[PDB]
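Q: Take this structure first; my questions come after.
Quick note: the coordinates plus some simple rules give every number you see, no bench work behind them. A quick note on method: Cβ atoms are made from the backbone with ideal geometry, for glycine too, and the neighbour counts reach across all protein chains shown.
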Amino acid sequence: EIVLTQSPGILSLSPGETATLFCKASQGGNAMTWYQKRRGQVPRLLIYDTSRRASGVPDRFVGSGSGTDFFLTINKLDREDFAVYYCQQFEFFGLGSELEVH
Amino acid sequence: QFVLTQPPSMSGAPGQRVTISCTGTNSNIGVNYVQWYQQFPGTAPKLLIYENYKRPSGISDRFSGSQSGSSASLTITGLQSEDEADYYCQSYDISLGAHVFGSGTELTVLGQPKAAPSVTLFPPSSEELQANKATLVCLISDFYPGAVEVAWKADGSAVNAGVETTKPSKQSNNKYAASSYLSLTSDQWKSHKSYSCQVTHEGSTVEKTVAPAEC
Amino acid sequence: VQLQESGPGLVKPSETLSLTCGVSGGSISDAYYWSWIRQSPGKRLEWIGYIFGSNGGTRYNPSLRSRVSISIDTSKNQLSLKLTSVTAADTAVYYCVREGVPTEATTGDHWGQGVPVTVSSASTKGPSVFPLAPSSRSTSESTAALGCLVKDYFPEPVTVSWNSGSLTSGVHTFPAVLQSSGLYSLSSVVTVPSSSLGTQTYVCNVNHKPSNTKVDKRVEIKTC
Amino acid sequence: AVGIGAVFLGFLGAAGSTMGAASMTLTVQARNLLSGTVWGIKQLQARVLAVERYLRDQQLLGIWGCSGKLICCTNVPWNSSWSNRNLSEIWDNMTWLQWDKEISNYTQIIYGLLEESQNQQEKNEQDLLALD
Amino acid sequence: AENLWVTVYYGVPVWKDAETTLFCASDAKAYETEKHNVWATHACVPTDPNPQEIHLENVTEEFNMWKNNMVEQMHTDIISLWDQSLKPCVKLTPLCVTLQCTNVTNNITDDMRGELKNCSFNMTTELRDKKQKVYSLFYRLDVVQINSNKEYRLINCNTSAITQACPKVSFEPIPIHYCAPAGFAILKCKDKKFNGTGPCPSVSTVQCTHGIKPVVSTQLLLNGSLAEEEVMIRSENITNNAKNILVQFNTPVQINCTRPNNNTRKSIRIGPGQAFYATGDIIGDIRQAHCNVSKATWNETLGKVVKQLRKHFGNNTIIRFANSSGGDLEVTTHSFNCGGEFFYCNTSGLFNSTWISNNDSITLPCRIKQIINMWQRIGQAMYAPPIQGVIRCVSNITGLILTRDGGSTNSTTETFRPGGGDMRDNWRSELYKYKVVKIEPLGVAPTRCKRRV
Ligand SMILES: *[C@@H]1O[C@H](CO)[C@@H](O[C@@H]2O[C@H](CO)[C@@H](O[C@@H]3O[C@H](CO[C@H]4O[C@H](CO)[C@@H](O)[C@H](O)[C@@H]4O)[C@@H](O)[C@H](O[C@H]4O[C@H](CO)[C@@H](O)[C@H](O)[C@@H]4O)[C@@H]3O)[C@H](O)[C@H]2NC(C)=O)[C@H](O)[C@H]1NC(C)=O
Ligand SMILES: *[C@@H]1O[C@H](CO)[C@@H](O[C@@H]2O[C@H](CO)[C@@H](O[C@@H]3O[C@H](CO[C@H]4O[C@H](CO)[C@@H](O)[C@H](O)[C@@H]4O)[C@@H](O)[C@H](O[C@H]4O[C@H](CO)[C@@H](O)[C@H](O)[C@@H]4O)[C@@H]3O)[C@H](O)[C@H]2NC(C)=O)[C@H](O)[C@H]1NC(C)=O
Ligand SMILES: *[C@@H]1O[C@H](CO)[C@@H](O[C@@H]2O[C@H](CO)[C@@H](O[C@@H]3O[C@H](CO)[C@@H](O)[C@H](O[C@H]4O[C@H](CO)[C@@H](O)[C@H](O)[C@@H]4O)[C@@H]3O)[C@H](O)[C@H]2NC(C)=O)[C@H](O)[C@H]1NC(C)=O
Ligand SMILES: *[C@@H]1O[C@H](CO)[C@@H](O[C@@H]2O[C@H](CO)[C@@H](O[C@@H]3O[C@H](CO)[C@@H](O)[C@H](O[C@H]4O[C@H](CO)[C@@H](O)[C@H](O)[C@@H]4O)[C@@H]3O)[C@H](O)[C@H]2NC(C)=O)[C@H](O)[C@H]1NC(C)=O
Ligand SMILES: *[C@@H]1O[C@H](CO)[C@@H](O[C@@H]2O[C@H](CO)[C@@H](O[C@@H]3O[C@H](CO)[C@@H](O)[C@H](O)[C@@H]3O)[C@H](O)[C@H]2NC(C)=O)[C@H](O)[C@H]1NC(C)=O
Ligand SMILES: *[C@@H]1O[C@H](CO)[C@@H](O[C@@H]2O[C@H](CO)[C@@H](O[C@@H]3O[C@H](CO)[C@@H](O)[C@H](O)[C@@H]3O)[C@H](O)[C@H]2NC(C)=O)[C@H](O)[C@H]1NC(C)=O
Ligand SMILES: *[C@@H]1O[C@H](CO)[C@@H](O[C@@H]2O[C@H](CO)[C@@H](O[C@@H]3O[C@H](CO)[C@@H](O)[C@H](O)[C@@H]3O)[C@H](O)[C@H]2NC(C)=O)[C@H](O)[C@H]1NC(C)=O
Ligand SMILES: *[C@@H]1O[C@H](CO)[C@@H](O[C@@H]2O[C@H](CO)[C@@H](O[C@@H]3O[C@H](CO)[C@@H](O)[C@H](O)[C@@H]3O)[C@H](O)[C@H]2NC(C)=O)[C@H](O)[C@H]1NC(C)=O
Ligand SMILES: *[C@@H]1O[C@H](CO)[C@@H](O[C@@H]2O[C@H](CO)[C@@H](O[C@@H]3O[C@H](CO)[C@@H](O)[C@H](O)[C@@H]3O)[C@H](O)[C@H]2NC(C)=O)[C@H](O)[C@H]1NC(C)=O
Ligand SMILES: *[C@@H]1O[C@H](CO)[C@@H](O[C@@H]2O[C@H](CO)[C@@H](O)[C@H](O)[C@H]2NC(C)=O)[C@H](O)[C@H]1NC(C)=O
Ligand SMILES: *[C@@H]1O[C@H](CO)[C@@H](O[C@@H]2O[C@H](CO)[C@@H](O)[C@H](O)[C@H]2NC(C)=O)[C@H](O)[C@H]1NC(C)=O
Ligand SMILES: *[C@@H]1O[C@H](CO)[C@@H](O[C@@H]2O[C@H](CO)[C@@H](O)[C@H](O)[C@H]2NC(C)=O)[C@H](O)[C@H]1NC(C)=O
Ligand SMILES: *[C@@H]1O[C@H](CO)[C@@H](O)[C@H](O)[C@H]1NC(C)=O
Ligand SMILES: *[C@@H]1O[C@H](CO)[C@@H](O)[C@H](O)[C@H]1NC(C)=O
Ligand SMILES: *[C@@H]1O[C@H](CO)[C@@H](O)[C@H](O)[C@H]1NC(C)=O
């Protein structure tokens, strides 16, 4: 079974900067998906097919990567962008990351 | 499987006029040129008809050629005895993307007289007896028709051990040639008083006989 | 413009047969097609491939397209054929041909002589040639049959010349037999007048190319 | 004369080969282009779509120098900045399918160049036969 | 010299990829069964015999069965032909009525249930004033309980009307040929091993396809075209478990199915010129309609597909099978149309096996529905008339449709299950070898010639 690994994860930063979370797969060849969950709300789709953005998505979220290694990079951090993030290849799932205000 | 169909064999009297038909489909014959080729047995083939009616130099105007729809035809006016051969139609085909040949048609010319066979019965060499073997050779040449019978025989009985036989093979004079070998040891050679090759051809039975006393 | 064939007559299974076609009297670069034709037992004729003389453009049978390759060398004035991973269906006689001039008084097509090629696992054999010495039962009415048995050669063929080909009159290379051992044996005789029996000498010059040997065996009369 | 020569293929038969050999046969690729209860509407709109396409092509060829020549030449020099290929290699190396991806960028301009060239040549020869 | 000039060429053989309509055409033998009794001769020009199938050298194109078009319009066209074959036939409006029902005369064990119910009711005669009392037979899957006494009604009479098919028009398939109009071509990959995606190195163009027989079946597709040598599995994304898996195997395996109960039809009149067909008396013992396949051929073919399937998932893998997981009726079992009557036949007896890393016949029982609803349209229910005599049919099982279970949490076994799903996959089993391309003439190339004044 394909297991995803999440990297750094617990990440505390200030507004106005850029940040990047990392994920690595146990099996290459497939695509990638990124999900945002805020506090006490319903999760929301950011990135499907490893580079494409959904509706209601500003383009300052940029996903990239190849093979097994994928990066999610947000430039120009805002207050609403502090949330929990998930990587997704198939029915499998990764553990998540944490964006906190520093 | 051949995409070009011919009836396999045909025969006719000398001086006759025959038509050899080559039957295929539209996809090969109906758009392309067809050719007619001639080969003897044991002989590389020769072109007779190119582009459905034309003959190269070196070939008589005795044959004629026609083509219609998905069928081709060669016509021999005044059949000669030389034309005992195998003839083929050939073209190129789109659906296979390849040149193809016909079924093959063996023209055996009638009127050939029945030729009584020539026989030759060889004993083994004394070298072969030094090699402790004995080959008895029955060569049957220059005979018509090609229905010949060979039988190897002992002193009073027949023998069929070590016997191998070539068929009547249509030679250059349109007659036939054939052979049979009787394979023994030199001790089995000197175990008998005679060895016979008795051939039956056109109801005629002729037995050549050697003796191991005659080496 | 004459066409001749060269190569081994026996090929091992799953291996690569190679053929060399040698051309005389003309260049290979001329505006003509050069083709390979094979003939199976039972006289099933089957086209293989052809290549244009000038630039070298090729066209094969698609149904064997994986395993066939055709090349041309203008330096040696030669055609070359290669077939990989042969099996028992590939036992055939091979000719190389030129298409012929598009004129009024052409000779027709130009045919080669041919190479017989056998696909087999058995090892080749140098022949045993024995002089068929004419007995008194062979010397009837001033004419005698004297020959050579080419026993146990593998594979075909053996070429039998008589006194190094200088005598061809009265000769006949009979059809060979196919033994139960799988080995070929042929008879090649010459009918000779009896008065020449005491003076002239008669070697059968038998050659077996797949074993690359030649046996020159003299036929001599001896009482027993 | 001919024992075995390349006869002809179906339409798009040569299209794997090089352009020099493919240019020998065009009429085959040209002839198989015209001809060979709601469904009748689909067949009729198919047929009129076919003749609409063919008539567009005939008109677009007519406004250049050659109406029905089927092979033309003209007076526009080849700029090598489009293709950067040698003459020796293209007629003996590449196919049209290979060619079309290479010349795909520089289209829709060459057509206008042909239009302007034919227009200016027609008005100049018009002036020539005007003084004639 | 170096002033190369442009030259335009008309009729350069080159194409592009496109999408358009197509053309339906069949043989001349279908016109012998006259007066449109079979469908697809309302809209069929007779095919011309021996069309060209021209071969090509070097040229190599890529294919893709999954985003391929023209299958969508095939799924449209069969539905449209089905709907066009019904409007000249009678409606069944006055049949929705209160039914007085009972059990048929049979020495019934109490725990088993009757598969046939015997009902009587009222119906209008040819006139308007007379009304008559009549009786017929029905299966249990068509009546339900309305709510002392005991009475039923039909299943469909609370959401829709109901249309009877005509007994003239037959149901057997016939070879439909597809053809391209003027100015296109159809390519065909003749490669021996081509899984279903990517480049194919030996192509051939064509004007019309081969014979295609449209059969409707949910699992275990029938009368199909088998592959050449091996057993081929094909899928879109294998590691994705949402997509089905198409298995085409080499040797066909025979299958028999039969219904043994002798049946007698009967013609009730509804009014002026309206016929209606009931199911009258039953002469014989009430047996159960079933299907037979051979044992060892089935086991050997399953061994074949295990041996071929092991390459896509590593060698040391336990592989097993299981029956369908659930859902509506016509996707658990497999379902077909033999002899002008529809069968739904249970398949749990075939998919129970497990496979380690290193004369008798199987039967399976079926059921018979009289009313059907294919394609699950919202207001379209179709009745089917009964037929006469014992019915049997023989066919060739050819392919298979499978679905992997989405197994997480570290298990080495990979079970497989049959799943019907769409009707599109049956056509995708046959149009996996054709894309449609559009001709483009008038190329343009530079050379050294120049037009004189
Ligand atoms: C996969 O493909 C196979 C092969 O075709 C199909 O099997 C055939 O299915 C058809 C159904 O269309 C069967 O055809 C039926 O055969 C009956 C028996 O015919 C025999 O008897 C007649 C009369 O004596 C002989 O003339 C004939 O030669 C046969 O020996 C017929 O009685 C049926 O016709 C009935 O319906 C028509 C409709 O109006 C009436 O006009 C007729 O009078 C008659 O009442 C029909 O012809 C056929 O037998 C099947 N087997 C074979 C070997 O062909 C499979 O059906 C298919 N797969 C699936 C799932 O369908
Ligand atoms: C597709 O085809 C398959 C293969 O046939 C079917 O699978 C079988 O389905 C039946 C469901 O009916 C399975 O269950 C069996 O049902 C019996 C019916 O129970 C009656 O008898 C009991 C008393 O025994 C009454 O109380 C009851 O009211 C019923 O009248 C059970 O009795 C069976 O139990 C058996 O096994 C247990 C455990 O060993 C024993 O204790 C019992 O004594 C008895 O021996 C049984 O549970 C049956 O098991 C399935 N077959 C197999 C091989 O597992 C599918 O049903 C069919 N698909 C569809 C949709 O029908
Ligand atoms: C597994 O499932 C996937 C779908 O989940 C399936 O589809 C293939 O996915 C790949 C993505 O890895 C597709 O490749 C793309 O194709 C489009 C076609 O135009 C290109 O535009 C893409 O370009 C990429 O790079 C660009 C550079 O800027 C980006 O801008 C762009 O957004 C893309 O990142 C890329 O090449 C592919 O087309 C599909 N389909 C097929 C048939 O391959 C895949 O087939 C399944 N199987 C496997 C083994 O993966
Ligand atoms: C589905 O039903 C069909 C019903 O037709 C059934 O097909 C038939 O099966 C029988 C038996 O399986 C076949 O009969 C065979 O006939 C051939 C040729 O005549 C024989 O070689 C066979 O046996 C004969 O010889 C035996 C001695 O070797 C004798 O003991 C024997 O009595 C025979 O004389 C064999 O019987 C028949 O040909 C087919 N017919 C068709 C049209 O297929 C099919 O088997 C059923 N399906 C399954 C899976 O059972
Ligand atoms: C199909 O493809 C094959 C393989 O590419 C083609 O064969 C190739 O034909 C070209 C002809 O232009 C050969 O190129 C030239 O060969 C000559 C030989 O003297 C050389 O002097 C040139 O410099 C150039 O290399 C090429 O060698 C040849 N390749 C092979 C493997 O045979 C074939 O023509 C194509 N078309 C058809 C219809 O088969
Ligand atoms: C259920 O089906 C049964 C048969 O499967 C039908 O029963 C038959 O109904 C007819 C009514 O006319 C009965 O005919 C009568 O039979 C007696 C017997 O002597 C005869 O005297 C009468 O003159 C008349 O012919 C017939 O007997 C009866 N069948 C049986 C077995 O009794 C019935 O119509 C169906 N419907 C129900 C029961 O609602
Ligand atoms: C088919 O049509 C017949 C004839 O029209 C129907 O028969 C009728 O059935 C009703 C109810 O079953 C009868 O009403 C009953 O009348 C009796 C005495 O008259 C009374 O005791 C009951 O309480 C009830 O009121 C009616 O009389 C009867 N008519 C005739 C002529 O028999 C029948 O119901 C219709 N449907 C079916 C499914 O059979
Ligand atoms: C069905 O046939 C297609 C076509 O042959 C197969 O698709 C191809 O699968 C191979 C893997 O065996 C892919 O190779 C991979 O390429 C990437 C490119 O960077 C490389 O990084 C990987 O390490 C690997 O080598 C190939 O790209 C892919 N596509 C094509 C056009 O060849 C497919 O696998 C076959 N089988 C199935 C079950 O679908
Ligand atoms: C696929 O396989 C499973 C396992 O064999 C099947 O499950 C079985 O389903 C039947 C009916 O759904 C169960 O029968 C039960 O009979 C009692 C008798 O009174 C009844 O009260 C129940 O309501 C039920 O009908 C049976 O117990 C069950 N077997 C097991 C082991 O749980 C399933 O039906 C199969 N799928 C198909 C489509 O056949
Ligand atoms: C028709 O068949 C049904 C089905 O067997 C019978 O229903 C049975 O009714 C009795 C008493 O009401 C119950 O004890 C049984 O358990 C029922 N069977 C089932 C399977 O539930 C019904 O009685 C039959 N009617 C007639 C007239 O024979
Ligand atoms: C199915 O039922 C019908 C109807 O009874 C049977 O047809 C009868 O066959 C016998 C024997 O030839 C005839 O005497 C009757 O006249 C036939 N009746 C009709 C209405 O045609 C048929 O044989 C049955 N099928 C079987 C027994 O397999
Ligand atoms: C079902 O399979 C049988 C064989 O299992 C097929 O029968 C062959 O059909 C071809 C084409 O008509 C014949 O040339 C063969 O002689 C038949 N027999 C065999 C043993 O190959 C049959 O075509 C398949 N399809 C149908 C619809 O029955
Ligand atoms: C029709 O009757 C069936 C019988 O169970 C029921 O399930 C369905 O909901 C009903 N539909 C309507 C619209 O009443
Ligand atoms: C299939 O056949 C093989 C060999 O006859 C046998 O070992 C195997 O057990 C069979 N399959 C099943 C499920 O029994
Ligand atoms: C499981 O497989 C075998 C053969 O089919 C048998 O033990 C059993 O009947 C199967 N299970 C079911 C539920 O039929």
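Q: Dipole of chain E, Cα-centred, from +1 at each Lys and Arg C-beta and -1 at each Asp and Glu C-beta, to the nearest 20 debye?
A: Computed charge dipole of chain E: roughly 540 debye.
Q: Using θ = phi - 60° and the Karplus relation 6.51 cos²θ - 1.76 cosθ + 1.60, list the HN-Hα couplings for the stretch D:52-58 in order, rounded to whole Hz, with x at every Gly or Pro.
A: Karplus-based 3J(HN,Hα) across the stretch D:52-58 equals 5, 5, 5, 6, 4, 5, 5 Hz.
Q: Mind computing the radius of gyration and Dmax over the alpha-carbon atoms of chain D? Å is fine for both.
A: Final numbers for Rg and Dmax: 19.7, 63 Å.
Q: Another question about this same structure. Would you mind giving the mean number of other chain beta-carbons within 10 Å of the Cβ of each residue in B:45-51, as a whole number?
A: The per-residue average across the peptide is 5.
Q: Equivalent ellipsoid semi-axes for the protein assembly as shown, as square roots of 5 times the alpha carbon gyration tensor eigenvalues: give them largest first, rounded to whole Å.
A: Each semi-axis is the square root of five times an eigenvalue, giving 71, 46, 36 Å.
Q: Roughly how many whole Å is it from the C-alpha centroid of the stretch E:124-154 to that of the stretch A:81-102?
A: Centre-to-centre (Cα) distance: 63 Å.
Q: Could you pull out which residues in the stretch E:252-280 have an amide N less than 16 Å from a spot 7 Å beyond the Cα of residue E:96, following the Cα-Cβ vector?
A: The answer is none.
Q: Got a sec to turn the phi values of the stretch C:133-147 into Karplus ³J(HN,Hα) couplings, 6.51 cos²θ - 1.76 cosθ + 1.60 with θ = phi - 60°, whole Hz, x for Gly and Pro?
A: Once θ is set to phi - 60°, the couplings for the stretch C:133-147 become 6, x, 7, 5, 7, 9, 9, 6, 6, 6, 10, 10, 9, 10, x Hz.
Q: Would you work out the Kirkwood radius for the stretch E:356-450? I mean one over the mean of 1/r across all pairs of different Cα atoms, in Å.
A: On the way: mean 1/r = 0.0471 Å⁻¹.
21.2 Å is the Kirkwood radius here.
Q: Still on this model: Could you work out the mean projected area of the convex hull around the alpha carbons of the stretch B:1-142, in square nanometres to one decimal? Let's see the in-between values first.
A: Numbers: hull surface 51.0 nm².
Mean shadow area of the hull around the Cα atoms is 12.7 nm².
Q: What average count of beta carbons from other chains do you get within 10 Å of the Cβ of residues in D:60-73?
A: Rounded to a whole number, the mean comes out at 3.
Q: Could I ask something else about it? Report, for the stretch C:1-121, the % of DSSP beta bridges that are antiparallel, rounded to 5.
A: 90 percent
Q: Under the definition of partner shielding as Cβ atoms of other protein chains within 10 Å of a residue Cβ, what is the mean value for peptide C:58-67?
A: Numbers: counts 1, 6, 3, 5, 9, 3, 1, 4, 1, 0.
Partner-chain Cβ atoms within 10 Å, mean over residues of C:58-67: 3.
Q: Quick one: if you take sqrt(5λ) for each eigenvalue of the C-alpha gyration tensor of the stretch C:1-121, what semi-axes come out, biggest first, whole angstrom?
A: 25, 15, 13
Q: While we're looking at this one, here's another question. Any chance you could check the Cα centroid distance between the stretch C:1-53 and the stretch D:10-81 for me, in angstrom?
A: 41 Å
Q: Assuming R0 = 45 Å, what is the FRET efficiency of residue D:121 and residue D:25, from their Cβ-Cβ distance, to the nearest 0.05?
A: Values: r = 31 Å, r/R0 = 0.68.
That pair, residue D:121 with residue D:25, gives E of 0.90.
Q: If you average the alpha carbon positions of the stretch E:303-347 and of the stretch B:1-70, how far apart do those two centres end up, in angstrom?
A: 57 Å
Q: Report, in deg cm²/dmol and to the nearest 500, the calculated mean residue ellipticity at 222 nm for the protein assembly as shown, where each DSSP H run with n ≥ 4 adds -39500 (n - 2.57) and the sum is divided by the residue count.
A: -3000 deg cm²/dmol
Q: By the scheme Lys and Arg +1, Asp and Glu -1, what is the net charge of all other residues having a beta-carbon under 14 Å from that of residue E:425?
A: Spelling it out: positives minus negatives among the neighbours equals 0.
Q: Viscosity 1.002 mPa s, temperature 20 °C: give me the Stokes-Einstein translational D for the stretch C:122-224 in µm²/s, with Rh taken as the Kirkwood radius over C-alpha pairs. Walk me through the numbers before you get to the answer.
A: Working: Rh = 14.0 Å.
So the translational diffusion coefficient is about 153 µm²/s.
Q: How high is the FRET efficiency between residue A:101 and residue A:52 when r is their beta carbon distance and R₀ equals 30 Å, given to the nearest 0.05? The partial results should precede the final answer.
A: Values: r = 29 Å, r/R0 = 0.97.
Result of the calculation: an efficiency of 0.55.
Q: What does DSSP give for the protein assembly as shown in terms of the percent of beta bridges that are antiparallel, rounded to the nearest 5?
A: Within the protein assembly as shown, antiparallel bridges account for around 95 percent of the total.
Q: What does a probe at residue E:348 reach in the stretch E:109-127, counting residues whose amide N is under 19 Å from the point 7 Å along Cα→Cβ?
A: Hits in the stretch E:109-127 for residue E:348 at 19 Å: E:111-115.
Q: For the stretch E:189-309, how big is Rg over Rh, using alpha carbon atoms and the Kirkwood form of Rh?
A: Using Cα coordinates only, the ratio equals 1.15.
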